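Undergrad: Fold the following and give me the result.
(4 chains, ligands or ions: 4)
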Amino acid sequence: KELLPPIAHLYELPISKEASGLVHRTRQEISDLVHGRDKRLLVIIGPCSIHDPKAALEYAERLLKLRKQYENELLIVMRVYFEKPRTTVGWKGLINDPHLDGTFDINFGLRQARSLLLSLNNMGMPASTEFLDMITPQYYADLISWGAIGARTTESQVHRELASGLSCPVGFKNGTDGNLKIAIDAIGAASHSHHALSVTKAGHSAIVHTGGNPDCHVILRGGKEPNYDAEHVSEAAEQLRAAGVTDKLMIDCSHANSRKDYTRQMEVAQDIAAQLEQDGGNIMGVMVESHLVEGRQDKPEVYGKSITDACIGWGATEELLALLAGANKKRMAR
Amino acid sequence: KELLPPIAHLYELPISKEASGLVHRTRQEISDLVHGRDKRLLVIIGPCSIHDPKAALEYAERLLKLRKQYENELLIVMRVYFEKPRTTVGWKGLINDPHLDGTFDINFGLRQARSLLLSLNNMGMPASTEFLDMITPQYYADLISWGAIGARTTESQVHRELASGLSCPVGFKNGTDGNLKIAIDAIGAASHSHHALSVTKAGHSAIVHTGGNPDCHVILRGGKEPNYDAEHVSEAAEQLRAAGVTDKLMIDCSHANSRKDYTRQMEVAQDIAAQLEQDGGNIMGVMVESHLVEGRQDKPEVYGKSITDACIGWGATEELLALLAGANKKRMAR
Amino acid sequence: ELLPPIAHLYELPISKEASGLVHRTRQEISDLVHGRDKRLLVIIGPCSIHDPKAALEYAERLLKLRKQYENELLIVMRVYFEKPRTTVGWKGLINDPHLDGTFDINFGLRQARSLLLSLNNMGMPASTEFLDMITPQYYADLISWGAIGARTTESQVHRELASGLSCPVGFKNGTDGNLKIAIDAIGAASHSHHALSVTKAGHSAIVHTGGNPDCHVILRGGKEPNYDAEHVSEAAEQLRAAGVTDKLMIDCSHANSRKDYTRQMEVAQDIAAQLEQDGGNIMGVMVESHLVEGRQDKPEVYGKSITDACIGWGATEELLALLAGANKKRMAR
Amino acid sequence: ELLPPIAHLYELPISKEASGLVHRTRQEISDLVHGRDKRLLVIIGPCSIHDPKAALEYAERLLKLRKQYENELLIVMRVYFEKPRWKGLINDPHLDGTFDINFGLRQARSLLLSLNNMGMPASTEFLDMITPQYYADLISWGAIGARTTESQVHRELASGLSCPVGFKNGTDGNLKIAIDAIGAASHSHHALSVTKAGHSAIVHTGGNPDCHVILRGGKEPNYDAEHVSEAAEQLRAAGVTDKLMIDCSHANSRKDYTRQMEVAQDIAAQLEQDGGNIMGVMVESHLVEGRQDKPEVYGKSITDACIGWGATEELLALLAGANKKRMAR
Ligand SMILES: [Mn+2]
Ligand SMILES: [Mn+2]
Ligand SMILES: [Mn+2]
Ligand SMILES: [Mn+2]
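TA: Residues are numbered from 1 along each chain as shown, chains lettered A, B, ... in the order given. Ligands and ions are numbered 1, 2, ... in the order given. Dropping the coordinates below:
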């Protein structure tokens, strides 16, 4: 199959006025969190990965009510990640393999991804994703209010350059090691201007002079040990001030910080709430892996149940958000 | 100024019949080493970085003599790296900054890199390089007999896919932590077939189905602790066997193993040499950083003196190669 | 920003049934060009397409005649998107799809492919004029017979294009009355060429064409009209002397009709008589027809040309029954 | 695999001096088209270029006459790579039927650049929608063939070119097609083209205000005073420049090279009597006269027969002398 260029997809699914309005302001609102001008708490919450658009839309419908209810405390954004990167061997995600049958139908996957994101934004839910790849971003980055670079790629030069060219805030994860320095450096690198090689909306390789991305930050996501608590937060903030970059950071309640057990996500959030109640001046956000139904499954049999990492279910998601708004209500009052 | 596609470079500088046979043959020869079919020692030696083609060619002429001289003991290949990754400080290498003046001139830079490579293979010197991104390899991979993926991108899914479609053998580095698993996972992923995005010789994005690369292997390059000795090699080999991948590996004499001191490359070589005399079954090659003149300089004033990592000079290079040839002749005769 | 053909092919893939109609009809026409079959090819429909709704209603009506007369005539609809005008005027549905002087080529190519896919799906093959080297890729797969413009029959690059098409192509005699250029053009179109063109992915490239063996001539007047037996017999002699097929198409409209739509029927009558007598050299005719007769400067009335004047449906029924009847007798000898 | 223009522009960028010469020659020919200068444009040289060595040798000689006659004639070399029919130098640069277009475009661009750099401006016929951008930048004057003057896509092409362009009457002898072609190419167009990078694209051309007609025979040869007055009328009637070019070879010579001089004589006399509407002539000329089927003799055509150098000297002197008088009055 010939790969369709971005312009093909952009022509069928142009950004709407409302969607570009929401991306613009959500980007702006998050910038304010990164630089300490607003004290609301970014919450990146949703499925480990998107495998069904229908489930994703219903998830977004519920999430949206809670984003509106808690809007003075939290800034809620949906995880719309298309894949779980592989150490090896599972399913590569919606874009790479949208039919979940090992066919590669990238053209269909990118169309479906663009469509899901346009629809979420159109209903009022801004969206987040991880940019793995140097070529796919162009397809839907205009519908993204916040991007991640993963633990496995935060050290990659071309990923740092990718980030320097995006128009959304970007979070960089510490190494699968626990190494924070690679993420701090990455901030350095992404904030500067670069002469990169990328591919245009028309599908041709090209030189792009990036403008630098001034709204990057660190994500604490565990390593050898969990790095979510106050002491790890304090040490990180120190390192961040020493490199002269922002000391506002995000914490991932999931992955290595929950030690690969979804039931511990709540416990990590409880620890974060307590830091917000005492002080927690260095935290601008959190990350949660959440779905309609808890746990995981190998085959997409059950509706709204993850097929990559296990997630908490809707019930626990309600509790968890209520917990963080409350604790953040108090921090914003001091 | 606009970016030229690989076909423009291939039309000025087509691969000669001699270079392509030299490449086909050297790749096959290295595959024999990776899979334990031959017991010669692969030796990847040469400047930390190429900043001058003239000095580079003169280096190769001398190195060519030793390659012939030790051809029954050592398989010698020139290091032809166009940069040292640098986290935000200094010269971006010869492809990005070919004029060494801080400008960016990638059309000139890719042209000059291909020229050099074409001239090295025509004189009878095979070449090795590090593939950093997904776009530039297409400009000269046909001239490369062995490649490396940088420690910084070892975990990167997109670099693993890159390696899976390269036709040369590829070596992957243990992590900046001393960590071997990530290199072994990389061999895993790079040996499989992948559906990925890349850019054709014509400069267009496209879907590629890679065939998988069977000749990948590990490179031991230190972590917090140097990892060139018997014990580390023994331990490395076990992990490799337990993962069902080749237990033949390469050891970096430079950088962390040298404790970042160019005067210690010889020490590490000695240790490797004693392993070869004794047993050394699991060693298939070594990396060495070497130039016409020893040391380093901040600015490119002195002819044939590195402006990136410090290198051993030509004299010490002859002594080291002689030491390795002699040790390996002994291994080969048992 | 111009979208490559692959973008339109992804949204509007050719269906199996369209695929089979195109294939079948190109072969069927091929047999007319080379005299293996004696049915009369009729290219018929509006001068230009300005409204897909009317074109669809027209195709529906035509399809029924296509079947009624299926043993005497091979009816293929005319789906031209413009009349080339040597003065100011509407640039046609591909360039100006919105009919407001806008240029919106993406929308226009998409709409053209869609109409053409809809027509093949309903069971009506389609013909068109290929006017340039770039747009045909977007829908050539949906076309059973093509024409090269009278203005481009001498153009080497348009001859190279015909050599690459997989449908039969017709070449017109020169506004002069000139037949040599069409004969030369068949000459050239039948050979392999190494030309430059644009790929499905939107890139310039070298293509090696295989030759198009199913080309033929179209008689479209002077100067003086050239549809009668005397002109026909003369064309055939030259075609033979050139060693190319001596089966030809005659255009009932335009200059052969003295630029008057009410005279298309008279040209058809004369062709009917020739078919009744002998007319062994005629393999097809061309007719400008719409739902309603005539023309109008603005698109005010439904199914009425805004380019050249066409006969209406009433006259269309009459003209076709005449050629079926007359060709029935040809085929029975 | 077709290289894009940018690959050839990267190897062979226009020099400071070539840029100057092109801009100046377009501007000077423009002056002839619009009646600010009364020199005679002479488009002269080989029928087709099949050897760059010969072409550079010919240019070297033509240069000397371009200087000698710079106050009377504006001499521009004819650098046409083919004759519509051997498929020409760009298609078949090796003259062996192997179609190495990449080599042929490169060699085409190289020769053009050398010619400009030696002080010799250059003209060619744009046949094709895709090739022009590989070297339009080195051309001071373009032609559209009689066989494409009616083509809409070739009119649009000329609409986007920065050099004056001449349009031929048809193989008819039909002038109206070249007249409607000026109208069309003078307007702005939304046409499809190919970028310097090799991708198809929408380009909005700005219009070409320096176009004009080329009289090149019928029918009956159409070079004389009467035929000229007839064309002028129609051109004025059509509201376009009544200043035109006359081809001395091809139809107007009855396909006879020896007769080229004859046409030039008629033209000279008009230039002396009055000849106000003539701004240019075209002549087919090589180092050696005649023609050949195989390229065995150096400097001799293998498409249309040309005059040799000796006759070129005479034909040029005759046109300069005649035009000096016109410019005197
Ligand atoms: Mn996950
Ligand atoms: Mn180094
Ligand atoms: Mn018409
Ligand atoms: Mn000629």
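Undergrad: and the closest residue to chain C within chain A, what element?
TA: Per CB to the nearest CB, residue A:8 is where chain A lies closest to chain C, at 4.0 Å. Just so you know, the C-beta spots here come from the backbone N, C-alpha and C atoms, and that holds for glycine as well. Taking DSSP states H and E as the criterion, residue A:8 maps to helix A:6-12.
Undergrad: From the chain's centroid, how far away is the helix or strand that that helix is followed by?
TA: Next along the chain after helix A:6-12, taking DSSP H and E as the criterion, comes helix A:17-34. The chain centroid and the centroid of helix A:17-34 are separated by 14 Å, computed with CA atoms, centre = their mean, to the nearest Å.
Undergrad: quick revisit: how about the contacts made by the residue of chain A closest to chain C?
TA: C:3, C:4, C:6, C:7, C:10 (CB atoms under 8 Å, 6 or more residues apart in numbering or on different chains).
Undergrad: again with residue A:202
TA: A:5, A:6, A:7, C:1, C:202, D:199.
Undergrad: Could I get the phi/psi values of the closest residue to ligand 1 within the stretch 151-300 of chain A?
TA: Going by CB to the ion, ligand 1 is nearest to residue A:289 of the stretch 151-300 of chain A, at 5.4 Å. Per-residue torsions, residue A:289: phi -100, psi 110 (degrees, to the nearest 10).
Undergrad: So what sits opposite it in the bridge?
TA: When bridges are called by DSSP bridges, residue A:289 pairs up with residue A:46.
Undergrad: I'd say it and residue A:260 touch.
TA: No: using CB atoms under 8 Å, residue A:289 is not in contact with residue A:260, being 10.8 Å away.
Undergrad: With neighbour numbers in mind, choose between those two.
TA: Legend: neighbour count by other CB atoms under 10 Å in any protein chain shown for residue A:289 and residue A:260, higher for residue A:289 (27 against 12).
Undergrad: ok, which stretches of chain A are helices?
TA: For chain A, the helices defined by DSSP state H cover A:6-12, A:17-34, A:53-69, A:106-123, A:137-140, A:157-164, A:181-191, A:230-242, A:265-278, A:314-332.
Undergrad: Reformat those helices as JSON lines; add distance to ligand 1.
TA: Formatted as JSON lines, the helices of chain A follow (distance: least, CB to the ion, whole Å):
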{"stretch": "helix A:6-12", "distance to ligand 1": "26"}
{"stretch": "helix A:17-34", "distance to ligand 1": "21"}
{"stretch": "helix A:53-69", "distance to ligand 1": "15"}
{"stretch": "helix A:106-123", "distance to ligand 1": "17"}
{"stretch": "helix A:137-140", "distance to ligand 1": "20"}
{"stretch": "helix A:157-164", "distance to ligand 1": "18"}
{"stretch": "helix A:181-191", "distance to ligand 1": "18"}
{"stretch": "helix A:230-242", "distance to ligand 1": "20"}
{"stretch": "helix A:265-278", "distance to ligand 1": "11"}
{"stretch": "helix A:314-332", "distance to ligand 1": "15"}
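Undergrad: Nearest to ligand 3 among those would be which one?
TA: That would be helix A:6-12 among the helices of chain A, by CB to the ion, at 32.2 Å.
Undergrad: Now do the shared contacts for residue A:289 and residue A:260.
TA: Contact with both residue A:289 and residue A:260 is made by residues residue A:309, according to CB under 8 Å, 6+ apart.
Undergrad: Ligand 4: which of the helices of chain A is closest?
TA: For ligand 4, the closest of the helices of chain A is helix A:6-12, at 43.7 Å, according to CB to the ion.
Undergrad: who's in contact with residue A:179?
TA: Residues counted as contacts of residue A:179 (CB under 8 Å, 6+ apart) are A:223, B:176, B:177.
Undergrad: Residue in chain A with the shortest distance to ligand 4?
TA: For chain A, CB to the ion, closest residue to ligand 4: residue A:204, 39.0 Å.
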